[PDB]
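A.B. asks: Here it is, the structure, as structure tokens.
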Amino acid sequence: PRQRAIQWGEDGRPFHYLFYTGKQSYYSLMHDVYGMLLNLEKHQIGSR
Amino acid sequence: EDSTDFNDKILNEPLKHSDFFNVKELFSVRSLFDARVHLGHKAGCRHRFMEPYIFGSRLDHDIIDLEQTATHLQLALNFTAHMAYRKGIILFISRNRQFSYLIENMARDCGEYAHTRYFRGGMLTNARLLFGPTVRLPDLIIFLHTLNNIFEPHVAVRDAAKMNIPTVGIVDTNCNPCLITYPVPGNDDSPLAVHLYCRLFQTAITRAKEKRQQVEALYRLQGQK
Amino acid sequence: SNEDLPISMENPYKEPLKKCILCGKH
Amino acid sequence: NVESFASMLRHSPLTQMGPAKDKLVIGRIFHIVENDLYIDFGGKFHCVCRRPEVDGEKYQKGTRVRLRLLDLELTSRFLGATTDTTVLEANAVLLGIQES
Amino acid sequence: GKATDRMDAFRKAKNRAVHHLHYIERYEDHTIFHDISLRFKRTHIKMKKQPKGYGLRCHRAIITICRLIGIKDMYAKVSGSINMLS
Amino acid sequence: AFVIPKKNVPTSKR
Amino acid sequence: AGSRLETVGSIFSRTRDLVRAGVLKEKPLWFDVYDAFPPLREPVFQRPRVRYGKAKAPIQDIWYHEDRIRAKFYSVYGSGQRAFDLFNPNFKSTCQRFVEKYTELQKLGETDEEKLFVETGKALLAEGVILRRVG
Ligand code: FES
């Protein structure tokens, strides 16, 4: 099974700024997609 | 003896000055006033523990005393800088969904952390089970909004106290500051105010993190000679 | 002390108290 | 001498306004979802209005509009509550666009 | 500690207690500073500061807790309800 | 001192 | 170890006391910073009570003597067509314009409101104002 890589170094500081949400990957994605929508406002079958 | 030199030159030196990071220059009462930090909620929403900090009610709208905000804001910024200088993990907690993007960006820019999302039960009191036995918890938590989305104290305020983590908090007139280590009475709804706090805590952190580097370079020069 | 502090007044914006249509009529 | 906070309070455009009911103010549209126009008028809270059908296309993000303030904060206390229930917005009527 | 097995409740109670430690100031590390008269719910405790040698002349549960704190000379009378937890 | 039996809680090798 | 009794004392007192006792071997990272720059009020938990009987909140209402004039102007003339611009920190409205005139003419020594008001209303018309006295 694919496993998550160690999320902090020897000092103990996590590598991701969303570590403490518990879901850095999901909320990173959610943070990104939200920004992409935000920028768009600043600018203005067979698939599942 | 490296302990005496390292402790004195790094840890003990900054704690001997009143304003080692000159955070008092970052804000002024005119700057706070122009950001609408003095605007509180209506008098029917008031918390009785926030009364010491309320200058008055202007037509049933509590006006926060910016004179005490300045003295409190300096104390909160001073603590933040000293903790950023000391390599402390700073977590920014909020639930105001209008500013979750801003606060998450600001946390990444200063190399720190943000929890602007639904706070799952036990993140702090049950972290060695939710993360791993060797996880390091924050050394400082900055609340930019202290109420959750049902207008009640964020659970982390209490959990930070249980875990002995100091907290900085923006406390509006409807908030409960009894457990916050460094309350800063001010408006937490206006974008101007929230932008200002983010600008201030970003700078204080950034500036404190550089100076930690700009006092170990001196250690290098001193080490050679 | 200072002269720019709030003066202890009564509310000057107080609106006249609403009276019913039959107020003062026998 | 640095102006006292009290001094600033006296001469702020908000204090001299007095009661907010039926006061014409200028707001800036800072956020839009669908037809809901979120308009900051220069107070603690924003005011969500609706896009007027007359010139909907002209009410875009950043547009300055003329508002009719009714209340700075929509609050009320309800039966059995210990505090007021605030909506966290202001009440105002969107009249139109400011024209120079 | 709550569990279906005693030994599992001893563990939980024992380990959870060290995360909820008070610090009890002692006068001269043998007694209390003043006399304490408290009522917790329906339990009354009247505690008396005493000299040295007096010993712990107090309810068998208080002597136990006093031995764990470091108090060595005190008197207490428990009135009202005597619920161990109150 | 009453020694409580130490339970092998982490039986299951994770 | 630590004490999770967030309602007994503060994080400082609890930490301080556990260090003295020997439970906490290492002072936490924040301890020395707090000790050097403690907050104005120690963060101790308190339970909010209700005010029964005659207890009132000490918060007072912010009034200024200029408010009387503002009220009168709004009663006589009301909010003019002038749209308040709350963004400009130095914005002056026709109301405060009216007030300033009123206040300045009072410096001369006039102690009568009736005569003073009739003057002020027309002294602001000398400056060129849009007023409606009947509504
Ligand atoms: S309001 Fe009813 S008689 Fe006066």
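None of the figures in this text is laboratory data; all of them are computed from the coordinates on show. Methodologically, a virtual Cβ is constructed for each residue, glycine included, from the backbone with ideal geometry; neighbour enumeration extends over all protein chains shown.
A.B. asks: Starting from residues that are hydrophobic (A, V, I, L, M, F, W, C) and away from chain G (no Cβ under 14 Å), keep the ones in region E:1-34 and report whichever is surrounded by the fewest Cβ atoms within 10 Å (Cβ to Cβ).
C.D. replies: The qualifying residue surrounded by the fewest Cβ atoms within 10 Å (Cβ to Cβ) is E:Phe33.
A.B. asks: Condition (residue is assigned to a loop (DSSP other than H, G, I, E, B), in contact with a strand residue (DSSP E or B) (Cβ under 7 Å, 6 or more places away or on another chain), surrounded by 10 or more Cβ atoms within 10 Å (Cβ to Cβ) and not β-branched (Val, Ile, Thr)) applied to region A:5-16: is it met by at least one residue?
C.D. replies: Yes, the conditions are met somewhere in region A:5-16.
A.B. asks: Tell me, please, whether a residue that is within 30 Å of B:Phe49 (Cβ to Cβ) and more than 12 Å from every other protein chain (Cβ to nearest Cβ) can be found in region D:66-89.
C.D. replies: yes
A.B. asks: Report yes if some residue within region D:24-38 is surrounded by 15 or more Cβ atoms within 10 Å (Cβ to Cβ) and assigned to a loop (DSSP other than H, G, I, E, B); otherwise report no.
C.D. replies: Scanning region D:24-38, I find no residue that is surrounded by 15 or more Cβ atoms within 10 Å (Cβ to Cβ) and assigned to a loop (DSSP other than H, G, I, E, B), so the answer is no.
A.B. asks: Answer with yes or no whether G:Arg133 is under 30 Å from G:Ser3 (Cβ atoms) and loosely packed, with under 12 Cβ neighbours inside 10 Å.
C.D. replies: no
A.B. asks: I'm trying to understand the selection: among the residues of region B:170-183, which are within 10 Å of chain G (Cβ to nearest Cβ) and buried (at least 24 other Cβ atoms within 10 Å of the Cβ)?
C.D. replies: B:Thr173, B:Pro177, B:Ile180, B:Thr181, B:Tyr182, B:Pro183
A.B. asks: Among the listed residues G:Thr94, G:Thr103, identify the single one that is under 19 Å from G:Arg82 (Cα atoms) and under 30 Å from the mean Cα position of the chain (by Cα).
C.D. replies: Being under 19 Å from G:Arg82 (Cα atoms) and under 30 Å from the mean Cα position of the chain (by Cα) holds for just one of G:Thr94, G:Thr103, which is G:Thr94.
A.B. asks: How many residues are away from the ligand (no atom under 16 Å from the Cβ) and not polar (S, T, N, Q) when one looks only at chain C?
C.D. replies: 10
A.B. asks: Also: Out of the residues in region B:84-120 that are basic (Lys, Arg) and within 14 Å of chain D (Cβ to nearest Cβ), which is surrounded by the most Cβ atoms within 10 Å (Cβ to Cβ)?
C.D. replies: B:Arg95
A.B. asks: In addition: Of all strands (runs of 3 or more DSSP E) completely enclosed by region B:33-83, which ones contain at least 3 residues that are within 11 Å of chain D (Cβ to nearest Cβ), crowded, with 21+ Cβ neighbours inside 10 Å and in contact with a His (Cβ under 8 Å, 6 or more places away or on another chain)?
C.D. replies: It comes to B:39-42, B:61-64.
A.B. asks: Taking the options G:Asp67, G:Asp35, name whichever one is in a helix (DSSP H, G or I), under 30 Å from D:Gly42 (Cα atoms) and either more than 28 Å from the chain's Cα centre (by Cα) or among the acidic types (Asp, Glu) (or both).
C.D. replies: Every option except G:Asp67 fails the conditions.
A.B. asks: Scan B:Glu1, B:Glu51 and give me the residue that is among the charged types (D, E, K, R) and more than 28 Å from D:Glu89 (Cβ to Cβ).
C.D. replies: On inspection, the qualifying residue turns out to be B:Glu1.
A.B. asks: Name the residue, out of G:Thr103, G:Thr15, that is among the hydroxyl-bearing types (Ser, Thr, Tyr), farther than 17 Å from D:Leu14 by Cα, touching a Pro at 6+ places or on another chain (Cβ under 9 Å) and in a helix (DSSP H, G or I).
C.D. replies: G:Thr15
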